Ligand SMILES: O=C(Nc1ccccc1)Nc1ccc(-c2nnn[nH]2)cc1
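Before any questions on binding or motion, here is one chain by itself as structure tokens, the form deposited without the named molecule.
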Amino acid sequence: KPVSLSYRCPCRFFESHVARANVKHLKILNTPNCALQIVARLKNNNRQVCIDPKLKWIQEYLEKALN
């Protein structure tokens, strides 16, 4: 299979393996050309990533942040 369109948005690859436990802090980018892509920063991994919105722990977070 081929690759998605070009690259512009901040988030591109999402790793749902993350969990609020190993998550350090949450962050979001209000990019105009793109939608609201929720970013984050892992602990045990020590790095910034893009968390999945369908996550089990983020589903509660996203529900409180805005529903």
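For every residue, the number given is its place in the sequence shown, counted from 1.
Although it is not shown, the form solved in complex with the named molecule is what the next lines describe.
Although the partner is absent here, residue 55 lies well away from the named molecule in the deposited complex, with no heavy atom inside 4.5 Å. The closest heavy atom approach of residue 42 to the named molecule in the deposited complex falls within 4.5 Å. Residues of 7-26 that come within 4.5 Å of the named molecule in the deposited complex, judged by any heavy atom, are 15, 17, 18, 19, 22 in sequence order.
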